[PDB]
Amino acid sequence: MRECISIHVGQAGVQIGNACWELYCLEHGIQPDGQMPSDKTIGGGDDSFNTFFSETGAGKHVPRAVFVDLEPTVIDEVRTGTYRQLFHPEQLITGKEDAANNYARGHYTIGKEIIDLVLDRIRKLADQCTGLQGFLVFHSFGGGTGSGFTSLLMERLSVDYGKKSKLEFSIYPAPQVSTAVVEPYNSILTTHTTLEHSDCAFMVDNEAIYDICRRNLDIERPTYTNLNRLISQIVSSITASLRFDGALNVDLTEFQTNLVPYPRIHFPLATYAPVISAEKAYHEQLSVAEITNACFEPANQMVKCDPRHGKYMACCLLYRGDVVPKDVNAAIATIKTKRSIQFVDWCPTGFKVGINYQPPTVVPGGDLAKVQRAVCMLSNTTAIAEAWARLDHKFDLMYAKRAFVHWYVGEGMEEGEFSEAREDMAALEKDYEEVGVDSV
Amino acid sequence: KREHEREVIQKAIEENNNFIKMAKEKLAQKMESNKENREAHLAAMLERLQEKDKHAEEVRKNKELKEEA
Amino acid sequence: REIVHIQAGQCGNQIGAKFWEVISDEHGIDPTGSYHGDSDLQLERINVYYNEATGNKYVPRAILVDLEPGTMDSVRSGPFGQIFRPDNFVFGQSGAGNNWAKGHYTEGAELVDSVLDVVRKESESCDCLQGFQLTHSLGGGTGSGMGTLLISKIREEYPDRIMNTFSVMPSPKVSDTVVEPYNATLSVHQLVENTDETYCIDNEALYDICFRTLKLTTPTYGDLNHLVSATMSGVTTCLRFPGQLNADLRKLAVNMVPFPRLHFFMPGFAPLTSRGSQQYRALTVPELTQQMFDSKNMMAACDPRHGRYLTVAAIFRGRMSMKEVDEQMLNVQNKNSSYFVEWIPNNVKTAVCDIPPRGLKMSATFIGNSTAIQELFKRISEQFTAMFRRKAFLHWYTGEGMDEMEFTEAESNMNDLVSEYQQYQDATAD
Ligand SMILES: C/C(=C\c1csc(C)n1)[C@@H]1C[C@@H]2O[C@]2(C)CCC[C@H](C)[C@H](O)[C@@H](C)C(=O)C(C)(C)[C@@H](O)CC(=O)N1
Ligand SMILES: Nc1nc2c(ncn2[C@@H]2O[C@H](COP(=O)(O)OP(=O)(O)OP(=O)(O)O)[C@@H](O)[C@H]2O)c(=O)[nH]1
Ligand SMILES: Nc1nc2c(ncn2[C@@H]2O[C@H](COP(=O)(O)OP(=O)(O)O)[C@@H](O)[C@H]2O)c(=O)[nH]1
Ligand SMILES: [Ca+2]
Ligand SMILES: [Mg+2]
Ligand SMILES: [Mg+2]
């Protein structure tokens, strides 16, 4: 049992954290006050769920989590909401003044004022671990805190925990819900500076999620609450191998071995199914083959891009619920005889499969139907580079005129960091090209 | 073979330490470069405003030397 | 969080007073400072503009300034005149005489420290000061000259805070005073260097709206100011109510100002209907939207179709379909693509606040950073150089100690601003 610490940074990181930790509580039978009647070992234990929850002598199960934002109003709603008793007040950390959608303020001007306190509180969580496996960092690409402060924190964590593993859940911007013209700048800056401090990063495209809410759940104008409930289901599928045990369970680190062929190639595409409303799930059993096949339809991806037009380097299927290997193997044999799955030539083509038997949960008053089985596919495809190209193009359009650059220079940044970050992104796009060329 | 095993593990230790060290150093140089740049930007803003003040006192004593006629 | 509000001169104080009346009604504050409202959203962000005094009383964080006592005693006798902190009235008596140099260099320079004493008292009390908004005109002498002096001094003491102005631009259609082009040009020369964002409230456009669309043959300052106050309410909704977009002055500036000198905004409001058409015209999302983007609803006398938008914020208020707002805003951009610069992607942002202004079921407020604002500055520059060419009335200003060179420099700075707006209007992505 190796503990995982979650760090939720900025509004998007915090609000997605709210949705995730509420969902985890429901999945483990933990009440809003942290009591868990089914846990008979009081004040401690080595159970699977203890990777994410520590225990007090009073029977409280406490998330191994820190929430950090440079202004107080989002975290204040945690301090005062349904799950306020779950967290010790020192896990909820706020400044007074946010980063104003400016990476420079998140990484330097405002962030430098709070980083030592944050690392101190993280240290307090790490010291309660007997075998810390690593960190999970949640943040947006687009905000000043989510970009600048997260990059600062990732650098500092590399210094204080060596090469202890760091995974990211990264919210990639969409115009339907974006708040700042400069989000392409912040995105490229944070990607450049975090690239060598991250072991594996799950990008979540707000537009992919928004379209899935509109099309599959018939929500006419999704809010962050809609987006976040769906996101938390995907995050839950990815962490379920850490929080539950079972015979056919396969640890996330074992998928990681397959998902990262070179340190910089560490951005898996996630695809989740089934996403379906109560009204349509009624009397509609969705089988193993149906949800598996749904994994290969690009409308179900969390990042908009087209794997049909790139090459695979790995394909992983994380099943949960009522699923046995014979049905998985049959569905996979079907898909391989009919779909556009081309691997690079230097990679074996077998699909790696994990099954967790605990079935998916839904939050009361959500929009997803409660289903008997779900699957999250994690694949490593060259197509994810499309998401970089789109963002790089927006960056180029503005940077050619130095639009808004004075806001960054005023906070102490230099144009050279802009061009350095943009060159790193151009080299990343080329890396994704090179891995797809055939061997000579 | 034992000597090789010792060299492999000490190489791993040395690469992790050099990574920690270079991250530490480049962070500290970035923070200092940035504090200097920001302070220089503010100091130039302030110097412009203080020159405005000197021009205002110049304008007022100009008025008082032409009200001496 | 906290904004400190300053109103200077006659225009400054009259439009400031109407602003405080309108937003106090919106927030459920009565003239005694007491809250009598129905929705908790009225008090969630109330401390942005109000201090909480003993007795659960809310006091505008407002500072009232003039070199004459007249307008401010009118303020004190107004409907909400009792609401203001009495120590926050800072009037002189010599007056300014519609002379920028008097307001900036001599008489106003004598009152400025006394004003700064109240700003520090108000600022020291803030948990997290955002910055400052100043209401004033650019055509008189107190508001223009002393207002820009006060901007410079505040910036010297709070260089890392945002400086925002609501600046009323002079028009021959509304005022006779012939030195207004001088005062306006010297003001603009200051604003270009020392504010982060400026709302151009153009009296020319206010008149034209009142006369042509509202059909008031004799528009009062009272009718101009109802336009101004509805606009000011609109463009501060995002600071005053819970919301995601432009929710503070720095984030608004970061979204609106791609180049530090191009920070002059063209505001707009919808709906504006004549008594005659108010029975016919339906208040739909597609028509709020199309008005909001129309030359005739701009509070600045410029045609957006004569330049290009660098950035835009649109604020819808009232109960409406957000899906429909989304579709109409996409539709405006699609059908008018050529008028938004292609090298700033996604430069139109949209907010929706549930709480409509008083007397409407839904409204729309527009803030545009458009290279067509040069039309305004050109108009002032014309009227300036027609006088300066003949050195007309220069002696009011040399009489206070200024040289010709400051006039030349202000004219050249304003011409440079116009050139820069033109440069980015001509820029191409390729
Ligand atoms: C009712 C309305 C729009 C509407 C509702 S439904 C529909 C189809 N249109 C706006 C309200 C809006 O507050 C403004 C911003 C203030 C308007 C006050 C103006 C400045 C003059 O002082 C005033 C004497 C007017 O001229 C009238 C005609 C009464 C006014 O009614 C015009 C108008 O456009 N008013
Ligand atoms: N999916 C999702 N996206 C969000 C959420 N909140 C904000 N975003 C996205 O995050 C980006 C803006 O970043 P934020 O997280 O709000 O900003 P921040 O990290 O708090 O940084 P500052 O406010 O500038 O200090 C935009 O792309 C938003 O659409 C959320 O709850 N869920
Ligand atoms: N919109 C509007 N403009 C005004 C008002 N009062 C004065 N002005 C304009 O302001 C300019 C005169 O400046 P004013 O504020 O009266 O001079 P000050 O007292 O020295 O600041 C002229 O162009 C007037 O048309 C007002 O209440 N509303
Ligand atoms: Ca236990
Ligand atoms: Mg934030
Ligand atoms: Mg006057």
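Backbone-built Cβ (ideal geometry, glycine too); neighbour counts: all protein chains shown. Every read-out reported here was derived from the displayed coordinates using simple, explicitly stated rules and does not represent laboratory data.
Values for this structure:
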item	result
Residue list for segment C:394-410, filter: closer than 27 Å to C:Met266 by Cβ and surrounded by 18 or more Cβ atoms within 10 Å (Cβ to Cβ)	C:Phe407, C:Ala410
Selection count where residues are without any contact (Cβ under 8 Å) to a residue 12 or more places away in the chain and either touching a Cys at 6+ places or on another chain (Cβ under 9 Å) or within 25 Å of A:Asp120 (Cβ to Cβ) (or both), scope segment A:1-56	2
Residue satisfying condition, being out of contact with any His (no Cβ under 7 Å at 6 or more places or on another chain), more than 19 Å from A:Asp205 (Cβ to Cβ) and surrounded by 20 or more Cβ atoms within 10 Å (Cβ to Cβ), within set A:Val328, A:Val324, A:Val303, A:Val275	A:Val328
Among residues of segment A:399-423, those that are within 14 Å of chain B (Cβ to nearest Cβ) and either part of a helix (DSSP H, G or I) or surrounded by fewer than 20 Cβ atoms within 10 Å (Cβ to Cβ) (or both), counted	13
Only listed residue being of a type outside the set (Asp, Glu), surrounded by fewer than 19 Cβ atoms within 10 Å (Cβ to Cβ) and touching a residue at least 24 places away in the same chain (Cβ under 8 Å), chosen from A:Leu92, A:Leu86, A:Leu70, A:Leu117	A:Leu117
Within segment C:185-208, considering residues that are within 14 Å of another protein chain (Cβ to nearest Cβ) and assigned to a helix (DSSP H, G or I), the one farthest from ligand 5 (Cβ to nearest atom)	C:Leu186
Considering residues of segment C:209-221 that are part of a helix (DSSP H, G or I) and in contact (Cβ under 8 Å) with a residue 60 or more places away in the chain only, the residue nearest to ligand 5 (Cβ to nearest atom)	C:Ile209
Test result for C:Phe407, part of a helix (DSSP H, G or I) and farther than 30 Å from C:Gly28 by Cα	yes
Options C:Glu44, C:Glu26, C:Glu21: the member that is away from ligand 4 (no atom under 16 Å from the Cβ), surrounded by fewer than 23 Cβ atoms within 10 Å (Cβ to Cβ), of a type outside the set (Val, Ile, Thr) and within 22 Å of C:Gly147 (Cβ to Cβ)	C:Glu21
First in segment C:287-298 and farther than 15 Å from C:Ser277 by Cα and without any contact (Cβ under 8 Å) to a residue 60 or more places away in the chain, second anywhere and in a helix (DSSP H, G or I) and among the hydrophobic types (A, V, I, L, M, F, W, C), Cβ under 8 Å, 6 or more apart	C:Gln290/C:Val332
In segment A:130-148, the residues that are under 13 Å from A:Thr253 (Cα atoms) and either within 16 Å of ligand 3 (Cβ to nearest atom) or more than 16 Å from the chain's Cα centre (by Cα) (or both)	A:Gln133
Hey, A:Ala126 away from ligand 5 (no atom under 12 Å from the Cβ), outside any helix (DSSP H, G or I) and among the hydrophobic types (A, V, I, L, M, F, W, C) or not	no
Test for B:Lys63: is it surrounded by 11 or more Cβ atoms within 10 Å (Cβ to Cβ), assigned to a helix (DSSP H, G or I), without any contact (Cβ under 8 Å) to a residue 60 or more places away in the chain and more than 9 Å from chain C (Cβ to nearest Cβ)	no
Every pair of residues 6+ apart whose Cβ atoms lie under 8 Å, when the first sits in segment C:124-148 and is under 17 Å from B:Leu49 (Cβ atoms) while the second is within 16 Å of ligand 5 (Cβ to nearest atom) and not in a loop (DSSP other than H, G, I, E, B)	C:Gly131/C:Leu249; C:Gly131/C:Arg250
Boolean, A:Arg229 is charged (D, E, K, R), crowded, with 20+ Cβ neighbours inside 10 Å, within 28 Å of A:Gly144 (Cα to Cα) and in contact with a helix residue (DSSP H, G or I) (Cβ under 6 Å, 6 or more places away or on another chain)	yes
Identity of the residue in segment A:81-116, of a type in the set (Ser, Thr, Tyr) and more than 23 Å from the chain's Cα centre (by Cα), that ends up nearest to the other protein chains (Cβ to nearest Cβ)	A:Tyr108
Residue satisfying condition, being aromatic (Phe, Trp, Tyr) and within 14 Å of another protein chain (Cβ to nearest Cβ), within set C:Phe211, C:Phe259	C:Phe259
Boolean, C:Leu224 is within 14 Å of chain A (Cβ to nearest Cβ) and part of a helix (DSSP H, G or I)	no
Residue identified as more than 19 Å from the chain's Cα centre (by Cα), assigned to a helix (DSSP H, G or I) and not acidic (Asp, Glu) among C:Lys173, C:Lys153	C:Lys153
Count of residues meeting criterion [under 24 Å from C:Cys200 (Cβ atoms) and within 13 Å of another protein chain (Cβ to nearest Cβ)] in segment C:344-370	7
Residues of segment A:170-196 that turn out to be within 7 Å of chain C (Cβ to nearest Cβ) and surrounded by 24 or more Cβ atoms within 10 Å (Cβ to Cβ), as a count	2
From C:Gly318, C:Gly307, C:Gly268, residue being in contact with a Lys or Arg (Cβ under 6 Å, 6 or more places away or on another chain) and touching a residue at least 12 places away in the same chain (Cβ under 8 Å)	C:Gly318
Residue within segment C:201-208 that is in contact with an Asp or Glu (Cβ under 6 Å, 6 or more places away or on another chain) and either away from ligand 3 (no atom under 14 Å from the Cβ) or of a type outside the set (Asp, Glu) (or both) present	no
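Let's see how each residue does on (1) under 21 Å from B:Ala43 (Cα atoms); (2) surrounded by fewer than 24 Cβ atoms within 10 Å (Cβ to Cβ); (3) within 10 Å of another protein chain (Cβ to nearest Cβ):
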{"position": "C:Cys126", "(1), (2), (3)": "no, yes, no"}
{"position": "C:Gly131", "(1), (2), (3)": "yes, yes, no"}
{"position": "C:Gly139", "(1), (2), (3)": "no, no, no"}
{"position": "C:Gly145", "(1), (2), (3)": "no, no, no"}
{"position": "C:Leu150", "(1), (2), (3)": "yes, no, no"}
{"position": "C:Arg155", "(1), (2), (3)": "yes, yes, yes"}
{"position": "C:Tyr158", "(1), (2), (3)": "yes, yes, no"}
{"position": "C:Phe166", "(1), (2), (3)": "no, no, no"}
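Conditions (1) farther than 23 Å from A:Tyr103 by Cα; (2) within 12 Å of chain A (Cβ to nearest Cβ), marked per residue:
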site	(1), (2)
B:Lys21	yes, yes
B:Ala28	no, yes
B:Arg38	no, yes
B:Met45	no, yes
B:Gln50	yes, no
B:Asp53	yes, no
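A quick yes/no check of all residues on (1) near ligand 1 (Cβ under 9 Å from one of its atoms); (2) at positive phi; (3) of a type in the set (S, T, N, Q):
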site	(1), (2), (3)
C:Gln190	no, no, yes
C:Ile201	no, no, no
C:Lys215	yes, yes, no
C:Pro219	yes, no, no
C:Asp223	yes, no, no
C:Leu227	yes, no, no
C:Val235	no, no, no
C:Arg240	no, no, no
C:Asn246	no, yes, yes
